[PDB]
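To keep things clear, I will list the structure first and then write my remarks on it.
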Amino acid sequence: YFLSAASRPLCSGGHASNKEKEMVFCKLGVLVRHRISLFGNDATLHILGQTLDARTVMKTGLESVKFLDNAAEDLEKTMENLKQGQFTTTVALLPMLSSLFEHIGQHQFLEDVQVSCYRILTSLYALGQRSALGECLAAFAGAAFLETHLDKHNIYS
């Protein structure tokens with residue numbers, strides 16, 4: 001109905017809180033929260049800034065391992081932002097810089113965060129910043145390892 005979106009800012013507070021509980025089966029709450037993010041996306045107005053700040057507190061509050069339960073479903077979570085980005089600016093576009101910061105913060109680990117950054121580069125290139133996308137290129141080159149470096153030119157503009 002309509003009450004799921006009215007509690008989605010109450011779920012945006014929950015998606016940031018239950019992923020900050022993934023800092024220490026351990027991080028499965030963030031794997032449930034990434035499953036909760038696709039749960040509202042695969043079925044379908046400041047929730048664009050409310051969900052992006054929920055992931056901005058998820059990238060900071062769970063930045064101890066970037067155990068490993070949130071990064072695995074990132075190909076499903078970034079496609080959930082692909083199905084919900086086109087489904088609907090210093091508070092919303094500023095958290096988009098924190099979206100690539102999680103991809104530039106999980107490139108110092110698997111390579112599934114690079115495939116999620118290109119999956120976030122699909123919704124970023126069709127949405128119509130150089131510091132985070134520029135650091136993701138040269139620090140993820142030779143240590144498809146250049147998938148996130150391909151997401152730099154596909155999300156800078």
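By convention in this document, the chains of the structure tokens carry letters A, B, ... by their order, each chain's residues are numbered from 1, and ligands are numbered from 1 in the order they are shown.
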Within 9 Å of residue 61 (chain A) using only C-alpha atoms, minus same-chain residues under 2 positions, as a PyMOL selection string: chain A and resi 16-17+19-23+56-59+63-64
Write out as a PDB file with C-alpha atoms, in the first residue's frame the residues lying within 8 Å of residue 118 (chain A), counting only C-alpha atoms and excluding same-chain residues fewer than 3 positions away.
ATOM      1  CA  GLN A 114      34.109  -3.398  -8.005  1.00  0.00           C
ATOM      2  CA  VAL A 115      31.234  -5.110  -9.832  1.00  0.00           C
ATOM      3  CA  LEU A 121      27.827   3.228 -12.480  1.00  0.00           C
ATOM      4  CA  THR A 122      24.800   2.019 -14.446  1.00  0.00           C
ATOM      5  CA  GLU A 147      36.092  -2.851 -13.080  1.00  0.00           C
ATOM      6  CA  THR A 148      35.858  -0.113 -10.432  1.00  0.00           C
ATOM      7  CA  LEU A 150      35.965   1.581 -15.306  1.00  0.00           C
ATOM      8  CA  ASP A 151      33.290   2.917 -12.941  1.00  0.00           C
ATOM      9  CA  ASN A 154      31.091   5.918 -15.982  1.00  0.00           C
TER      10      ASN A 154
END
Can you tell me, as a PyMOL selection string, what residues are no more than 6 Å from region 100-111 of chain A when counting only C-alpha atoms, ignoring any on the same chain fewer than 2 positions away? chain A and resi 59+66+97-98+113-114+117+136
In Å to one decimal, how far is CA of residue 26 (chain A) from CA of residue 44 (chain A)?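 So the answer is 29.6 Å.
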Region 66-101 of chain A: residues DSSP assigns to helix (DSSP H, G or I), reported as a PyMOL selection string: chain A and resi 74-85+93-101
Using only C-alpha atoms, which protein or nucleic acid residues come within 9 Å of residue 86 (chain A)? Drop anything in the same chain fewer than 2 positions from it, and give the result as a count of residues only. 8
Distance in Å - CA of residue 53 (chain A) versus CA of residue 153 (chain A): 23.8 Å
Excluding residue 120 (chain A) and residues on its chain fewer than 4 positions from it, collect all residues at most 7 Å away from it, counting only C-alpha atoms, and give them as a list in words. residues 78, 82, 116 and 124 of chain A
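The closest residue to residue 42 (chain A), picked from A:79, A:143, A:10, A:24 and counting only C-alpha atoms, is A:79.
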